[PDB]
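Protein chains in written order, with the deposited numbering: chain A, 1155 to 1202; chain B, 1011 to 1106; chain C, 963 to 1154; chain D, 82 to 962; chain E, 194 to 289.
Here's what the structure looks like:
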């Protein structure tokens, strides 16, 4: 968080109270999932 | 939208699930479509036995095989079809 | 895919428009069997070698039974065909909720009728189709649709969508018309 | 002390991973859509289609009137399922709802009985909104003052717990300790804030400071006191005239859905200690912006798999998932392996797991090589008794260890265990052949044992070849030294001790003889050129791009020596070259031993020799079959794994010069390969394993095609090699383990050994360090510090790089002030040089991940600010003022 | 499955006034569409009751019948509307 037009609220080494906070909502922790399909072309042994 | 092509499978077997489904979808609804596989071993038995002619293998399986197993297929001949009585109404739907 | 509704299917120009009369239906033989074929340009054509034709059928009531099966096979088993019929009356029910897009009527009975049998048809809509999940491998399934509306079918639609794609008006949503929000004054005589 | 390293934590970036062989449902992607571009929701149904069945089966009939319904239909969609599996990616951190700030107001008043409060609201809105604040800055306060919240006053100790110094009361030490612990708190514990809002309309009148949407849980501030009428109207007037320029608000300002991942968040204007606010904002806005290019996932999942496979994955681009990449991967890896040698034991363990999972070799009893050669008694009776004393029993748990020892990075030069040899008789040539086979089967491990093999083979030759031997010594005495491109030979002009094996022969400008060509070697002492030429690997050199495309760590232009070839070239199943190699080896060697018999002992019979020549060839055929037909692929896979990154050979036994990077730590130097007399029974290897193997092996390959089955053949089931599952989780487990221990060491470096850490401040870090009492710290203090911290980041135990020996271990010192990575040519640390070193090191490796660096920066710039409860000087005086 | 609703009013005024509408045109609708109320869908028959013609399904006849009956409904049944009001002050802000 920067000031109104000052440098930065982490340079003056002076504490501030009313800066701005991000918030998310109910569910932002949905774990993710992927899936793969496998099929192989050449086996190890072969040929009649 | 495939119009005039012949896909020539080099060897059967190694095709996951995309291309078998796309090829099946292609030989239907294509215009001049062919899928020529000149490497799969089959063994023919030819009959003219409409009473006792089976339909052993649907093509969805001639594209899934380890390229070294010989299938057997029953061909059906009817070249000597009698020309039925001049009474029956001509048919409306053919055979594929 | 993406069945629009506001869009009416327009016949592309490079298609011969053949009126259907009881003269184009003749027979031929091969291997001593008598099949049914077409006479579109003098040459006998089997019902599957149809390349680019648009069949204009009007009375929709009298076609014995053959041309029914022929027309159906050629809508199937065909490359680029079209069977229009600009005289069928139907009540449309338009909805967008996949769980109740049930609509069961075999096109046979749609075709063999008595020219005034006006009946019901459903109509899906998915123009605002949200992206599928982040798992689906690859949509390798065909969903060929069928009978298309031939005229403006959306007069009782007040608003479509109501989503936002990246916090902006989706390119194809519909707010109401300024007609059905106006509220003029009364006429103090008899309301109106 | 301990020998296993089991340490972990949940501070690193690396994700957590689980598996599922599930394909009958999804039950793994759940959530609500938030935008028509949302990519992480559950699953919605689809159009209800119908049969649309038309097979393609050689004269199928019409069936025309049924199909073509007015409801949409489907395609064909054949059915094979093509090995489907599911990976599930979990991140680490969680949520919470109340702000729970760091710094908070607290008040106190000066009047014991104060005027009563005059505020009777009516609507419950004023109550919920600004009753509490109006209570805090009440009428008749005397001072409202900043202060640490609970949990911080709790983190103050106050007694000493981390710095063992005998002190008098409290002095700078509790302050240092307190700093450390609040720091390590904030470095850990990610959280993201979730709140709840109201529906305020315009009831909050005339106060632009209040937006129409309020968080439920209120806060305290003058901004909420201003509106009403209370303690001096003066005060409200002053606050207002002071702030009428600034940009203050309250409640939700706006909302933007991020594009890197579409999920609505909301910027709100709650009052809270700026540091907690920055922590929340940062560690959230990091969670949403982690991209992973799609084909990297593919390269990974394919690197851990058999190489001849079509692998398909879900097909949107830039999935948001914690990436395992890094800018400094190999740096931390070599810094770890060079100072935690038990990690190679972990590597090796995982590797034998992967290998033994494929059961390539099972063991039968009654070794044939001793069944025969026992009951025919028509040959020289030393072949007996010698083969009879060499064949030890075998249980696969040693087979699958020797085979895995092929790839893992060797770190201690190995020596051979047993060595039997009759001095005069021509039987020792058998031992020569034994080690020739052991070289042609594992060309890697030989690359180091070269030193011992030199002296051993030379001794044996000396007792079985004399002209060749001493002539050879005369010319090509014992050691290459590459002066400037030429190769000068140094000798040993004394039979004082020729058979030594401890002369660091593979590091430093000192090469063994016998090996590099100098084509004049042959045509000087044959049978020795004949020996040497038989041992050089001469297989191949393959790159391993497959790994390097998965962002795994290793140097540029890395390679390996896959010791064997393939069998399937276009579908021909050719002659398995390795067998031809081994066969001519055996045949030549037996020709030589036969010519040996025909020299000294002619009164003896020579049928058994050719007899067991035929036996050995006939027995080596199917073994090499199984070797080049099944293991080859296994070694490709293992060569693309993550553990193995130090190649073991360039092939040619000419100037190999095994890897020589090493960490210098201010005078002390730790090497990677650790030359000098040092090993541990985990690495003293035997040779007879080849005899036992070649004899009583039941290869899962043979009985697969029915080549070495018992009472039946075949089984026709193909040899299995492991599945890409069952190894993602252990591999990531391993990487996160080493990242965690390096993180601990880095945090420790941060607050000790002043002259290392200078990110951007160098001043409050100096303020912190005041408390260690000296610009040098004693060891025991260091050790106790690291143990106290390590018991506060994760769990488990780990060691500090002791060095083993055959019997005893020693615990070298651990200081690590300003570690540096440099290469060491000829045991003399070189200075850094660009374009030869990977040009990446260039400086101390940044052991801490970027994010945590930011969090530590925040901790600093917070608790070195105005909350430093320290001041100097004061004046005693006596005055009635 | 749609994003949850975010509206916690405090004063019961917002509730009484525009909770139901805000429910109707909810987030994530797909189509809001006109339609006949009950009693009209009720007046649709659908079978024939007034025009004795041998017909095949439904064709223009149920439509005519339906028109007649809704017509004769509206021709009858006079009603005059009586409602009841509140006492809203200025809480409904910024909305002319």
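Heads up, the beta-carbon is just placed ideally off N, CA and C, and yes, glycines get one too.
Rounded Cβ spacing between residue i and residue j (contact assumed at less than 8 Å)
i: residue 435 (chain D); j: residue 808 (chain D); result: 6 Å
i: residue 169 (chain D); j: residue 1187 (chain A); result: 5 Å
i: residue 292 (chain D); j: residue 351 (chain D); result: At roughly 11 Å, the Cβ-Cβ gap does not stay under 8 Å, so residue 292 (chain D) and residue 351 (chain D) are not in contact.
i: residue 356 (chain D); j: residue 183 (chain D); result: 5 Å
i: residue 853 (chain D); j: residue 829 (chain D); result: Incorrect: roughly 12 Å between the Cβ atoms, too far for contact.
i: residue 968 (chain D); j: residue 759 (chain D); result: For residue 968 (chain D) there is no data in the structure shown, the boundaries of chain D being 82 and 962.
Bounding residues of the beta strand (DSSP E) (the contiguous stretch that carries residue i)
i: residue 496 (chain D); result: Premise fails: residue 496 (chain D) is in no beta strand (DSSP E) and is neither H nor E.
i: residue 390 (chain D); result: 390-394
i: residue 334 (chain D); result: 333-335
i: residue 272 (chain D); result: 272-274
Beta-carbon spacing of residue i, residue j below 8 Å
i: residue 532 (chain D); j: residue 593 (chain D); result: yes
i: residue 1095 (chain C); j: residue 1028 (chain B); result: no
i: residue 1064 (chain B); j: residue 1047 (chain B); result: no
i: residue 284 (chain D); j: residue 215 (chain D); result: no
i: residue 53 (chain D); j: residue 525 (chain D); result: Residue 53 (chain D) lies beyond the stretch modelled for chain D, which goes from 82 to 962, so this question has no answer here.
i: residue 703 (chain D); j: residue 788 (chain D); result: yes
i: residue 112 (chain D); j: residue 1181 (chain A); result: yes
i: residue 218 (chain E); j: residue 1124 (chain C); result: yes
i: residue 1058 (chain C); j: residue 1087 (chain C); result: yes
i: residue 944 (chain D); j: residue 263 (chain D); result: yes
i: residue 517 (chain D); j: residue 615 (chain D); result: yes
i: residue 294 (chain D); j: residue 333 (chain D); result: yes
i: residue 771 (chain D); j: residue 530 (chain D); result: no
i: residue 700 (chain D); j: residue 510 (chain D); result: no
Residue range of the alpha helix (DSSP H) that includes residue i
i: residue 376 (chain D); result: 375-384
i: residue 827 (chain D); result: 809-831
i: residue 519 (chain D); result: 510-522
i: residue 611 (chain D); result: 609-616
i: residue 187 (chain D); result: No alpha helix (DSSP H) contains residue 187 (chain D), which is instead part of the beta strand (DSSP E) from 184-190.
i: residue 1043 (chain B); result: Not the alpha helix (DSSP H): residue 1043 (chain B) falls in the beta strand (DSSP E), residues 1042-1045.
i: residue 1036 (chain C); result: 1028-1037
Collapsed DSSP secondary structure at residue i in the structure displayed
i: residue 709 (chain D); result: helix
i: residue 1068 (chain C); result: strand
i: residue 861 (chain D); result: helix
i: residue 718 (chain D); result: helix
i: residue 1054 (chain C); result: strand
i: residue 1084 (chain C); result: strand
i: residue 170 (chain D); result: strand
i: residue 1078 (chain C); result: coil
i: residue 1187 (chain A); result: strand
i: residue 281 (chain E); result: coil
i: residue 641 (chain D); result: strand
i: residue 574 (chain D); result: coil
i: residue 537 (chain D); result: helix
i: residue 1161 (chain A); result: coil
i: residue 1014 (chain B); result: strand
i: residue 320 (chain D); result: helix
* **the stretch 892-908 of chain D contacting the stretch 215-235 of chain D, beta-carbon criterion three pairs below 8 Å** => no
* To do: Inspect the CB distances between the stretch 765-785 of chain D and the stretch 795-811 of chain D and report whether three or more fall short of 8 Å.
  => yes
* Does the pairing of the stretch 580-599 of chain D with the stretch 340-347 of chain D give three or more beta-carbon distances under 8 Å? -> no
* **Any 3 or more C-beta pairs closer than 8 Å across the stretch 811-826 of chain D and the stretch 85-92 of chain D** => yes
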